[PDB]
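Trainee: Questions regarding the structure given below will be posed in turn.
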Amino acid sequence: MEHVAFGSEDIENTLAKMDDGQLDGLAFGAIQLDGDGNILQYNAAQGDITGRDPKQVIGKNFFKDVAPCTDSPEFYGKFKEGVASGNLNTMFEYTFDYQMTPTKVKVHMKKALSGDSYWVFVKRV
Ligand SMILES: *C(=O)/C=C\c1ccc(O)cc1
């Protein structure tokens, strides 16, 4: 149980110190992507939400392979703009409905600290 609150301002700084193990101790879903949409990290809680096996999707493209329902201007378009601009910090509600019971969630997308990495944070609403 790692104590970090969804939406926290210096969230990117706190999560820089964590590893795959410690990521699994978060109260919310966490996904780390590269600039092309590929999945680098995927924690235990996210799996709990989507039914995905954390390890089986690392390496896959989130927008093309794993989450086609986010391939839209409302999700993917926002991501591509932040990557192009090098800045991204947006929160919105979204429905996940691919191969799963339609699930309303809150998404927080933010640029990570390191190189070309981006966080996708998810909790139930
Ligand atoms: C739509 O396809 C939305 C979300 C989503 C996120 C993660 C995984 O693994 C599947 C689907």
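Quick note on numbering: PDB author numbering labels position 25 of the sequence shown as 25, and the sequence is numbered without any gaps. The beta carbon of each residue, even a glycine, is placed where N, CA and C say it ideally should be.
Check each residue's C-beta against every heavy atom of ligand 1 and list, in chain order, those closer than 5 Å.
Mentor: In chain order, the qualifying residues are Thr50, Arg52, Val66, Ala67, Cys69, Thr70, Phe96, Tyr98.
Trainee: Enumerate, from N- to C-terminal direction, the unbroken alpha helix (DSSP H) stretches of 4 or more residues contained entirely within the stretch 9-62.
Mentor: Segments of the alpha helix (DSSP H) lying fully in the stretch 9-62: 11-14, 20-23, 44-50, 54-57.
Trainee: Would you tell me roughly how many angstroms separate the C-alpha atoms of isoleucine 49 and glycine 29, rounded to the nearest one?
Mentor: Approximately 8 Å, taken between the alpha carbons.
Trainee: Quick one: using the 10 Å Cβ neighbour count with 16 as the cut-off for buried, is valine 107 buried or exposed?
Mentor: That one is buried.
Trainee: Counting C-beta neighbours from all protein chains within 10 Å, is the total for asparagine 13 16 or more, i.e. buried, or is it exposed?
Mentor: When all chains shown are included, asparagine 13 counts as exposed.
Trainee: Quick one: grab the DSSP three-state call for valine 4.
Mentor: In the structure shown, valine 4 sits in coil (DSSP, three-state: anything other than H, G, I, E or B).
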